[PDB]
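Read off the chains here:
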Amino acid sequence: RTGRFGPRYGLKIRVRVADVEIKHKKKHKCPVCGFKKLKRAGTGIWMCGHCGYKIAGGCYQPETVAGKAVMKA
Amino acid sequence: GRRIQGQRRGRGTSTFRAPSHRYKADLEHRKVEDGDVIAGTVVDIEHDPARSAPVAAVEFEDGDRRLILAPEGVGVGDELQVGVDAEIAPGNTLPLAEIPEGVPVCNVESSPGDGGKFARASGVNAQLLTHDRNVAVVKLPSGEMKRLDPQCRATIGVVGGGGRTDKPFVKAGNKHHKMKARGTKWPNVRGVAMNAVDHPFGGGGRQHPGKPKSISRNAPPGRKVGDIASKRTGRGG
Amino acid sequence: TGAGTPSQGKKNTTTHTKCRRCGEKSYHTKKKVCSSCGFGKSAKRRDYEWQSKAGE
RNA sequence: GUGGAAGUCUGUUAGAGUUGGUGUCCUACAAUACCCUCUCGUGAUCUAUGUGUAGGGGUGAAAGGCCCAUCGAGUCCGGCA
RNA sequence: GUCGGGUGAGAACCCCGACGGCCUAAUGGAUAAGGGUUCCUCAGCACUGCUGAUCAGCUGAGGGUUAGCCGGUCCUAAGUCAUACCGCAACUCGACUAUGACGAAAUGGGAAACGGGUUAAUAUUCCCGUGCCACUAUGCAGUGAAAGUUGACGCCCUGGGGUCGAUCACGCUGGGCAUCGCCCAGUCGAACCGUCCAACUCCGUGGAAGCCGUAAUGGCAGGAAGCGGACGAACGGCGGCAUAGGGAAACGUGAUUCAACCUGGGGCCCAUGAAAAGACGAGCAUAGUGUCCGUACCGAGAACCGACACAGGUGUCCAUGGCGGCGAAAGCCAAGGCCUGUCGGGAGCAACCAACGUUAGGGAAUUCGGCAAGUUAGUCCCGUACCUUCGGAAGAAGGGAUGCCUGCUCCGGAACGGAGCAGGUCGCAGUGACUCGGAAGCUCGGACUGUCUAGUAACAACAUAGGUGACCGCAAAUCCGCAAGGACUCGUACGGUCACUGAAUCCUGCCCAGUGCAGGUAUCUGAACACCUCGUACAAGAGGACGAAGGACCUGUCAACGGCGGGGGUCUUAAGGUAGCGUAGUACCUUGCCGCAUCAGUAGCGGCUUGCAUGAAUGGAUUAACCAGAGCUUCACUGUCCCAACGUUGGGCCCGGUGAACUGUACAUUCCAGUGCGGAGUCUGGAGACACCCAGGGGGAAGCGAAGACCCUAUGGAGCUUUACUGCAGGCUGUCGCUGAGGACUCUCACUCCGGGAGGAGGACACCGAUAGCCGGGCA
RNA sequence: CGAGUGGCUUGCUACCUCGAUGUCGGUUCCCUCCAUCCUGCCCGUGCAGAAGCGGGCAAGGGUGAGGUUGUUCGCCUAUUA
RNA sequence: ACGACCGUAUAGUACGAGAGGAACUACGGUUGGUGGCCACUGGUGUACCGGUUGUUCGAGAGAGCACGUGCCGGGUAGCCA
Ligand SMILES: [Cl-]
Ligand SMILES: [Cl-]
Ligand SMILES: [Cl-]
Ligand SMILES: [Mg+2]
Ligand SMILES: [Mg+2]
Ligand SMILES: [Mg+2]
Ligand SMILES: [Mg+2]
Ligand SMILES: [Mg+2]
Ligand SMILES: [Mg+2]
Ligand SMILES: [Mg+2]
Ligand SMILES: [Mg+2]
Ligand SMILES: [Mg+2]
Ligand SMILES: [Mg+2]
Ligand SMILES: [Mg+2]
Ligand SMILES: [Mg+2]
Ligand SMILES: [Mg+2]
Ligand SMILES: [Mg+2]
Ligand SMILES: [Mg+2]
Ligand SMILES: [Mg+2]
Ligand SMILES: [Mg+2]
Ligand SMILES: [Mg+2]
Ligand SMILES: [Mg+2]
Ligand SMILES: [Mg+2]
Ligand SMILES: [Mg+2]
Ligand SMILES: [Mg+2]
Ligand SMILES: [Mg+2]
Ligand SMILES: [Mg+2]
Ligand SMILES: [Mg+2]
Ligand SMILES: [Mg+2]
Ligand SMILES: [Mg+2]
Ligand SMILES: [Mg+2]
Ligand SMILES: [Mg+2]
Ligand SMILES: [Mg+2]
Ligand SMILES: [Mg+2]
Ligand SMILES: [Mg+2]
Ligand SMILES: [Mg+2]
Ligand SMILES: [Mg+2]
Ligand SMILES: [Mg+2]
Ligand SMILES: [Mg+2]
Ligand SMILES: [Mg+2]
Ligand SMILES: [Mg+2]
Ligand SMILES: [Mg+2]
Ligand SMILES: [Mg+2]
Ligand SMILES: [Mg+2]
Ligand SMILES: [Mg+2]
Ligand SMILES: [Mg+2]
Ligand SMILES: [Mg+2]
Ligand SMILES: [Mg+2]
Ligand SMILES: [Mg+2]
Ligand SMILES: [Mg+2]
Ligand code: NA
Ligand code: NA
Ligand code: NA
Ligand code: NA
Ligand code: NA
Ligand code: NA
Ligand code: NA
Ligand code: NA
Ligand code: NA
Ligand code: NA
Ligand code: NA
Ligand code: NA
Ligand code: NA
Ligand code: NA
Ligand code: NA
Ligand code: NA
Ligand code: NA
Ligand code: NA
Ligand code: NA
Ligand code: NA
């Protein structure tokens, strides 16, 4: 997490980096299979190490509040 | 005095240009004779150095291989379709007319065939509200209600990479690297930090602007700095 | 660093060379233009009225 | 315990920089040098070569700094006795 | 450097030997740029060489550079040019679009060479031997042949494969030493051809419901382990090459750690890490062809840039030589190089100076200030406060240990790897030299790393993430161009432009009167064309009607410029200072008052505080961490001081050689007084005064150096500013031309934009040309 | 209230120097003046003594060390004839 | 080329109600200044001797280098306070 920042940057900066990245690094449940093997490949790119499915998602999360609204509509 | 920095920009020298040669593709919708038959498959997902957002590589039936402004939720294997009779799923492109109202769209054309102009940045999206035989009313991310020829094509879904703006750069170092991939001079020195000769706000024994910051729309380049034709400033009221 | 003596040391770049056209050592090999005769810029030879007193 | 993150630490590794000595020098070794001391040293890093921007114009993390020992408007010749 | 010797007319510095030293990422080896013959040989010393010279990078004359397989050449990169097109009065000018070409010699890509020998000087170029590549021809094979692969790629961590090197063991060959038995060198052998294959991927078998596996992550009924197989690596192993070569000889075998090279796994990005030629895909024999350019030497404390044989500057590779140790560190020493950071001889060698060592007792009394110097130090064990953003503070502080010798234990496969034990034992001192933090506390500032005044400023200044406001839907906002055109932009509001503020935390009050910006506007004001009236046979010209932007007027807006008082229990001019903070880096009075601290404190810190003249993004308060930033206190330390001394090295002094510059109206041995344009070696009066020379420290020559920067003067200059004067771009707006049909409207045909086209949007507007009004330090 | 001396302060003047007479404070080293702070010799006393106060001659010698401040000045401390 | 102070005896005396408290003179010492000297104490003493770390000469012995002594201990003459 944010610990690599030492006593630099301040509270809000690094609290939001740990938060974004903790969610960022969470086991994600893949769209194709149902397995929780989705990891970020880069900015907005996600893949599942299990079947290798490579997806377009949020920048720090595979799904964004807006991406879900689409499914419905 | 000397030309201010905003005038230096205009000259288009190395320092202000965009590292174009390092860019991948000019994301634009495909041209289709008609019929809509055109479909293709998602061969891969890449990073767009020009938009800090993901982009999809696609292989069309007629052999054509082109990168595509990738909406959220497109993966490798998926089949996208472009045409009047395109199915109505995320990733597919078709004129606003064939699109059902109430649906989120991105990479909208300003005039049919231009290849898409509106809503293309990370996680944004337009909102198709009203239909008609003559006008298609779309709500662009800025919130403006834009009237468009129902023939302007567009992509279903919201642009991928959403939420990029949520996390702070944290350190100069990170801005640095981002900036180097854009047509932008960075960092930024404050006008009031410069010398009278370099900027209308420069000079003085302390740092403050000479006159008020709101400048007239009619101000000539060289003078037009600060708050441009501001309709109001501050937060009060 | 001194812009003087200490900055003279990096000067091992070749620029002005023997010109094919006028024979002067003024052909800027990086610009491919002669500063003396204009070769590489003008078909006509470089010449100016200010190269001499106004009435001469 | 493992892992090995960092505009992270120590560091005359290489390299970069230049705080104090207001030392030595000051018809110098040198039109910006010598020594000790000191700062950085995985990064907004340092560096070679190639390449772009030209004078009321460039370039400037801004000191009116820099653009060949030349800068609050380069240099050369001319206007010019 | 020194002693001998060689050559020579001549020898400190040219050469040989010995002895003594210097250089270890360089003072060695190979090179890029740049130089340009500086390279080698012979002959010389008038020039050059910090002295000399028989020497030389000097002078003169000769000689020297050999390539199918090393570079160029070829490809394409940022980008550049040429032609066409268009612009411009015009071009040697100018943007776009086409096409073509150029653009990489260490250091991008890339068909192919190794070993030995040879010259005064070349060498993967010559010679000897061996090997390899491309093209073409002939012949056999082959119909395949273009899909694909490769070329071809970021940063961090890491496993395995593995050569050289280094080391260890043992054997052989040669050498050294001479109380031992030790110590050193060597023990060789290529390209290439052939062969072997770990890793990754995949196939079959198998059938795990908890096992498999890693340094770590991890894997699996969507099929784990195990077993069998396909593909598949090294500049590596192995065989050939090789009764080649090389060595005086022997002409080794194993091992460990393993640069190169090969091959995997993981992690990071608001950063995504070239292209093209070419190669492979796609056999073999024989033969022919492989031209053109570079090739010497230096590569630096003398061959480069810096006027110089300049203590400066200048890129790459050798980062694996030994001991040491964490180490590419110190220190010492190999190989290699050097005694050319090129003037010497003499004096116990004084004064004085530069670098430096040691100083009793005291211990910052020195000083603006602890400036300078010193103290501390490596490693292990114990132990560690306030504060804090919970990361940190922290190596806090403080305490202890530390060698050698003998014999052992533990971890590991092992190391010539690490951790420990017991006993013995020497010194004042065991990180014994070297290497190697002094520590603690208060306050100010900026949050942090970073930037800057090349050459007196490194800071508190800039930047920064973070906060905030403004503009714009893309035929945009902003910006460049005279134009043709262009940056932003392979971009599209989670954007990018224009500004302010400057991390976190708590917060950010009141004011729209002035100024700015923006919106509205009945009425008022408001130019030109057209129109109407008067005038003129026309025309000048006077007047009227209409009225755009703009202004008056009204509104919005301060995280827009900025403001936040006097008086009384409202007045100027809108409000009348809120939270905080406060004698401030802001406080005139001022050394404010009180306290802490000291013998004594214009300092410092805390409290008070009526604040000459604090205060909220002109941001306020506060704040952990950080800092060659500013002030202060304590412990420790010490030649900073009391108060100086002795010593070390290089100068200084004498001698040989070389050999400048600054400065000079004249005269000049001056001193005390006086006088003078009031600051005299020179006048006047006195006094003193034999001439010359050496060394000194600098009192005077208002010493030398610079036509004073300060100040004033000049109808001098320049940069900068603005509601100074006058103008100019540019923006807005009306009108006319392009421009067409039927104070509001439709259409389509010019013209514009979108579309590959069909066609779609727009449309007499817009764009452009002309003109008129407003704004107009952006510019002159 | 009146008369003076000095040339340390301050002011005034604009004579001298603008082809430059290097600033304040400090330091170090040298000479001097007396309007004498101490020391020697004296006079008066509201001089018992002791300790003082005031005055005369007199420049031989001495007149030191520290805390704040760049300070001069001054404020403060402990020594001192 | 000497300036000045303190102390003892004078003396608890003269003087004085008392408290308190002199002098002349003779002595001892201190301080500042001055000139000289080194038996004594102290400093130096890269003369010298010893201890010892790293490395090199194979070990030993004996040596070089570690800035002009590697460091530590002792230190004669001389020069000094
Ligand atoms: Cl950004
Ligand atoms: Cl070459
Ligand atoms: Cl692995
Ligand atoms: Mg594009
Ligand atoms: Mg932001
Ligand atoms: Mg970060
Ligand atoms: Mg850029
Ligand atoms: Mg800034
Ligand atoms: Mg400034
Ligand atoms: Mg200006
Ligand atoms: Mg400010
Ligand atoms: Mg310059
Ligand atoms: Mg660091
Ligand atoms: Mg460091
Ligand atoms: Mg460059
Ligand atoms: Mg300035
Ligand atoms: Mg020049
Ligand atoms: Mg030679
Ligand atoms: Mg000769
Ligand atoms: Mg080429
Ligand atoms: Mg190459
Ligand atoms: Mg040679
Ligand atoms: Mg050669
Ligand atoms: Mg030399
Ligand atoms: Mg001492
Ligand atoms: Mg003091
Ligand atoms: Mg003092
Ligand atoms: Mg210091
Ligand atoms: Mg074991
Ligand atoms: Mg030590
Ligand atoms: Mg202060
Ligand atoms: Mg800072
Ligand atoms: Mg400077
Ligand atoms: Mg600094
Ligand atoms: Mg500096
Ligand atoms: Mg700042
Ligand atoms: Mg900001
Ligand atoms: Mg911002
Ligand atoms: Mg406010
Ligand atoms: Mg105070
Ligand atoms: Mg401000
Ligand atoms: Mg003058
Ligand atoms: Mg002036
Ligand atoms: Mg002027
Ligand atoms: Mg177009
Ligand atoms: Mg002006
Ligand atoms: Mg003078
Ligand atoms: Mg008298
Ligand atoms: Mg006297
Ligand atoms: Mg020695
Ligand atoms: Na200003
Ligand atoms: Na852990
Ligand atoms: Na320095
Ligand atoms: Na100019
Ligand atoms: Na002239
Ligand atoms: Na092989
Ligand atoms: Na080693
Ligand atoms: Na010599
Ligand atoms: Na740093
Ligand atoms: Na107002
Ligand atoms: Na207003
Ligand atoms: Na204020
Ligand atoms: Na810094
Ligand atoms: Na000393
Ligand atoms: Na003198
Ligand atoms: Na100026
Ligand atoms: Na003068
Ligand atoms: Na002075
Ligand atoms: Na006296
Ligand atoms: Na004082």
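Residues numbered from 1 in each chain as written, not as in the entry; some residues may be left out. Chains lettered and ligands numbered in written order. Part of a larger assembly, values for the part shown. Heavy atoms only, no water.

For this entry, the PDB record names X-ray crystallography as the structure determination method and reports a resolution of 2.98 Å.

Novice: It is not clear to me how the UniProt feature "binding site: Zn(2+)" in chain C should be interpreted in this structure. Could you clarify?
Specialist: Residues and elements named next belong to chain C. UniProt records the feature "binding site: Zn(2+)" at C19, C22, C34 and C37, using the numbering of this structure. The largest pairwise C-alpha distance within this set of annotated residues, which runs over 19 residues, is 8.6 Å, so the set is compact in three dimensions. Within the fold, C19 resides in the loop between β1 (16-18) and β2 (25-28). What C19 contacts, discounting residues up to four positions off in sequence, is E24, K25, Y27, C34, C37 and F39. By the element assignment, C34 lies in strand β3 (residues 33-34). In this structure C34 touches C19, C22, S26, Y27 and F39, once residues within four positions along its chain are discounted. (UniProt positions renumbered as here; feature names shortened; annotations may be inferred. Helix = DSSP H or I, 4+ residues; strand = E, 2+ residues; numbered from the N terminus. Contact = heavy atoms within 4.5 Å.)

Novice: Sorry, what's going on with the side chain of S122 of chain B here?
Specialist: Residues and elements named next belong to chain B. Looking at where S122 falls in the secondary structure, it is placed in the loop between β6 (104-106) and β7 (126-130). On the accessibility criterion, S122 (13% relative accessible area) is buried. Apart from residues lying up to four places away in sequence, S122 is in contact with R51, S52, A53, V159, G160, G161, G162 and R164. (Buried < 20%, exposed > 50% of the residue type's maximum accessible area, 1.4 Å probe, protein only.)

Novice: I would appreciate a short explanation of the protein's contact with RNA strand D in the present structure.
Specialist: Near RNA strand D there are 39 residues, and of these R8 of chain A, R3, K171 and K185 of chain B together with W50 of chain C occur at the shortest range. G173 of chain B is positioned with one of its backbone polar atoms (N or O) 2.7 Å from a base nitrogen of RNA strand D. With four residues, helix α2 (residues 172-179) of chain B is the single largest residue contributor to the surface near RNA strand D. Taken together, the residues that form the surface near RNA strand D break down as 14 nonpolar, 12 polar and 13 charged. (Near = heavy atom within 4 Å. Polar contact = N/O pair within 3.5 Å; in protein donor to acceptor, adjacent residues only side chain to side chain. Nonpolar A, V, L, I, M, F, W, Y, C, P; charged D, E, K, R; others polar.)

Novice: Teacher, can you tell me more about the packing of aromatic side chains here?
Specialist: Between two aromatic rings, the relevant description is the distance of the centres plus the angle of the planes. Applying the stated criterion across every chain yields a total of three aromatic pairs over all chains. Aromatic side chains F5 of chain A and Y9 of chain A sit 4.8 Å apart centroid to centroid with 85 degrees between the ring planes, which places their arrangement in the edge-to-face category. You can call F5 of chain A buried: its relative accessible area is 5%. Overall, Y9 of chain A belongs to the partly exposed group, its relative accessible area being 30%. Each ring, one from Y27 of chain C and one from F39 of chain C, has its centre 5.9 Å from the other, and the planes form 35 degrees; the classification is tilted. Of this pair, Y27 of chain C sits in strand β2 while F39 of chain C is found in the segment after β3, placing the two residues 12 residues apart along the sequence. Summarising the burial analysis for this pair, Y27 of chain C and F39 of chain C share the class buried. (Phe/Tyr/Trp six-rings, centres within 6.5 Å; stacked < 30°, edge-to-face > 60°.)

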